[PDB]
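In: before I ask anything, here's the sequence and the deposited coordinates:
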Amino acid sequence: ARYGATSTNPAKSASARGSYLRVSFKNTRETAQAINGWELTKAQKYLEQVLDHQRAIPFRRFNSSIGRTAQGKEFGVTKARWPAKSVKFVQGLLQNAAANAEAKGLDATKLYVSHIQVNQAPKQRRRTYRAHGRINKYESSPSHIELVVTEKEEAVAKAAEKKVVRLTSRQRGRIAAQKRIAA
Amino acid sequence: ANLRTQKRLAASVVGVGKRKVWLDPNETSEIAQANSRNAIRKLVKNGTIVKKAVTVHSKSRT
Amino acid sequence: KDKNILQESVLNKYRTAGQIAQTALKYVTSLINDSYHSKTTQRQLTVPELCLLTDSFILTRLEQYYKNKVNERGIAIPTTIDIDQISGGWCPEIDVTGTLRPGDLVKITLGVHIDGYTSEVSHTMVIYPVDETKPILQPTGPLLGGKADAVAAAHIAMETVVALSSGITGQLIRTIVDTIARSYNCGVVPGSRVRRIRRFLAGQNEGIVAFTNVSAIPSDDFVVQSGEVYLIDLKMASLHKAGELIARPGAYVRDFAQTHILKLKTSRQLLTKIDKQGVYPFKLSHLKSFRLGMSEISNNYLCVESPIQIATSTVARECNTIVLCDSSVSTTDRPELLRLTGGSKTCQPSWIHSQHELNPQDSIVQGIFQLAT
Amino acid sequence: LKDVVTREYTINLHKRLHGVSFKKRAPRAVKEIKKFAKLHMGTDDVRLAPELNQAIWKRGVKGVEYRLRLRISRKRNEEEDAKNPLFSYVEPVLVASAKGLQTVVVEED
RNA sequence: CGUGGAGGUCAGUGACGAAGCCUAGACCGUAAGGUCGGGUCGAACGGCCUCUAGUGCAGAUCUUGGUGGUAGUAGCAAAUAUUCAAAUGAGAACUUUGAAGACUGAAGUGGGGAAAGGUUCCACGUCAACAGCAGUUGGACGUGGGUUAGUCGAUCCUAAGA
């Protein structure tokens, strides 16, 4: 099984998948790149805003034949769309994840999602029906969306090293000749 | 709750079409249980299945 | 809920039903005899004739009481005659019969209801030959061996249960039964149930169980309270894992809870007819069209079957109905139980001889003797 | 508060036509009735009636003669709703023409 | 020089981890390359001296299978029209029931036969693939039932024909 890059402690983290549903994988990718910075509850209240069509995630990658939108001066790119049906699938990954950390003894108020992974769901026996010779495969790709929460900053401690430097004999006598004047 | 069968079954009774009959949305707990012709002809004299007003053709102008 | 939760009239209805149940059961026991004996009398006894007689009797007697009364009375449970191994619910259709044979152990179970109040009784006894050929041969001689052991065990269980009333738990009954049964070396049939009867309701969720570890968990502990009625059933086996070998059901009850719209006309008609019945339990014997109708209804679970179960060489049963209530005397209120079944339930203790007896001396058994006495 | 006040507003479903097909007037009405209810009462989820739909579809798609007289009755909603409980309920009545009528306050009498 | 394979030998190596793949790890050589470490993997492996020739690889409109940019693209216009309410459901513009508004106007999407097809009709249940949006319904899937004839046909007979 395993997961992505362990940027934080996996012992204190929760996650969930949403495969074999409906909505594709790159469609929920754009909103997964803009969620990297929110604080959990900033995404829960965002779900209702989509159904009312108020905020649209900037589809910066998908630009070719992608219509603009009035909701573009929020961040920058005027080409954005609303993950409508994705909302019912995003909540599937959430909510339950908050219950997974409940049994561990944690709280879902500081553990914000920063490392979300999404792949490509498998295919089946699917063939097209076009102009005879133009028949290859009807196979497509659902989803493999999975998000992993991450705790906030707790005691960073940069810890400045001693910084070992090759000092010379004419250097230790130079510094000592400066401390007898200024210092 | 497909009841297209019960309506089509009414055409094999006497000669009533599938648009002259009149049911009721109130007694939905009776029609669902009686999914056959066993309780259809008895639901006429009591006051359940009627026809009432039907758009027709007159020859009074003639 | 039910206003007039308890009424004097209700008590009367049970008592009257009980009186009839008692009389009918006595009558059947007198009739039970060996086939050969019955032959001398120019009569025949089989599993069917008794059953027919007893059911008819209940109808007739009920007819006398509250007859034509704005209500309904009749047969709560059809008369069932088990035999040695066969545990219960054997009420044969006309279409294999069972002939009584001297020395057979027989259990008769029947029920009567007045206006829905039910009185159920059961009894066990051994079968003997005609008095005239035998003159008091059978009275002089006792029953011994396993038959005696099981019968005594069952009876004692019945006596213990009668003692064990409001403020008691069902569990205590179950525990006592195991101790008493074990005394012979008998075992109560696993997972049997006793009911806490209501008007028009034989089944009752509240119950006393005879149970493996598995059913212990699903069983529900409960405390008996005043104004509650029970039909205590005690089944014991010399062997106690009953099984459904292959026997035609014959006894069924209508389940009010489930409803289905049945496709066949015959089945619909049967359903209507059954609803009319009055008691939950009727026998099919009440013939041809019924067989067909039963099939669809049972499948749907409209009807619930009472199967016949069996223990080959190795069952005894005593069932009585009791009314529990709160009595106040000397400014003290204590629960007391009244036993409706009466004479029907009783058995002559002198008849049975058993090598084993409950033994209070060992730590395990002590207290039971006192309880019985 | 739930308020619950029966009022009779003035609205005609026959003249409001501009660049819309005469077979697709109904989807426009969906964004009109709910809009008219939101403008006055203030709600989105509006449950109509079988007799209410007959008021619009009288004798054709545009069966509305002249100025009708609709009666919107704002009530309360429960059964675990998601939107506003103060929905709207139009009560269609018999009316030839609305002349000199602006609003009628209907109480419990 | 490398790979596959046979014979002989260091009476080799081998769960203290063979061989194969990746490696912004290193050494030697002008060019063909090999060895070591880590990760993955857990069963028989490699060098030298010989023999064998269907061993190595950018293109022959080369063969077969699979995967991109284009591309979250073009297309989704023959046939007037959707909307409201109720039941069920986590979920409904579209299936069921009722009402209103309409299309086709027995030369129609009607109602009866032959040919092809032989369980695609009827009942119940289900929604993971397919059903190019949706769809609890269905011609998708699973579990059953119906096949009753002296009489309308066929079989028998005849022309063409074999």
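Out: Looks like it arrived, so ask away. Residues are numbered from 1 along each chain as shown, chains lettered A, B, ... in the order given.

In: drop to CA atoms for contacts and neighbour counts, all remaining ones
Out: Fine.

In: which residue comes closest to residue C:317 once chain neighbours are left out?
Out: The shortest distance from residue C:317 to any non-neighbouring residue, by CA to CA, 6 or more residues apart in numbering or on different chains, is to residue C:235 (4.5 Å).

In: pretty sure that neighbour sits in a helix.
Out: No - in this structure, residue C:235 is strand, not part of a helix, as judged by DSSP: H, G, I helix; E, B strand; the rest coil.

In: check which helix or strand covers residue C:118.
Out: strand C:117-126 (DSSP states H and E).

In: and that strand, how far out from the chain's middle?
Out: Strand C:117-126 sits 5 Å away from the centroid of its parent chain (CA atoms, centre = their mean, to the nearest Å).

In: repeat for stretch C:228-236
Out: In this view, stretch C:228-236 has its centroid 8 Å away from the chain centroid, taken as CA atoms, centre = their mean.

In: what about the closest residue to residue D:72 other than its chain neighbours, neighbour count?
Out: Using CA to CA, 6+ apart and skipping residues adjacent in sequence, the residue nearest residue D:72 is residue D:90, 4.0 Å away. By other CA atoms under 10 Å in any protein chain shown, the residues close to residue D:90 number 24.

In: the chain: strands as residue ranges?
Out: Unless you meant another one, I'm taking chain A. Under the criterion DSSP state E, chain A contains strands at A:15-16, A:57-58, A:80-81, A:112-118, A:145-150.

In: switch to chain C, please.
Out: Using DSSP E, the strands of chain C run over C:73-81, C:86-88, C:105-114, C:117-126, C:187-188, C:228-237, C:251-254, C:303-306, C:309-310, C:316-329, C:332-339.

In: sorry, back to before: wait, which of the strands of chain A is closest to residue C:322?
Out: strand A:15-16 (58.9 Å; CA to CA).

In: smallest gap between chain C and chain B, at which residue?
Out: The minimum distance from chain C to chain B, using CA to the nearest CA, falls at residue C:261 (4.9 Å).

In: wait, that residue touches residue B:31, no?
Out: No - applying CA atoms under 8 Å, one finds residue C:261 not in contact with residue B:31, separated by 10.0 Å.

In: so which of the two has more stuff around it?
Out: Taking other CA under 10 Å, residue C:261 and residue B:31 do not tie; residue B:31 has more neighbours (19 against 16).

In: separation between the more buried one and chain C?
Out: Here the criterion is CA to the nearest CA, to the nearest Å. By it, residue B:31 lies 10 Å from chain C.

In: can you check residue A:138 too?
Out: Residue A:138 is 44 Å from chain C, by CA to the nearest CA.

In: contact partners for that residue?
Out: A:126-128 (CA atoms under 8 Å, 6 or more residues apart in numbering or on different chains).

In: which one of these sits closest to residue C:210?
Out: Using CA to CA, residue A:126 is the member of the contacts of residue A:138 that lies nearest residue C:210, at 59.7 Å.

In: could I get the contacting residues of that closest one?
Out: With contact set as CA under 8 Å, 6+ apart, residue A:126 has these partners: A:137-139.

In: and residue D:8, by the same measure?
Out: With contact set as CA under 8 Å, 6+ apart, residue D:8 has these partners: D:69-72, D:102-105.

In: no further questions, thank you.
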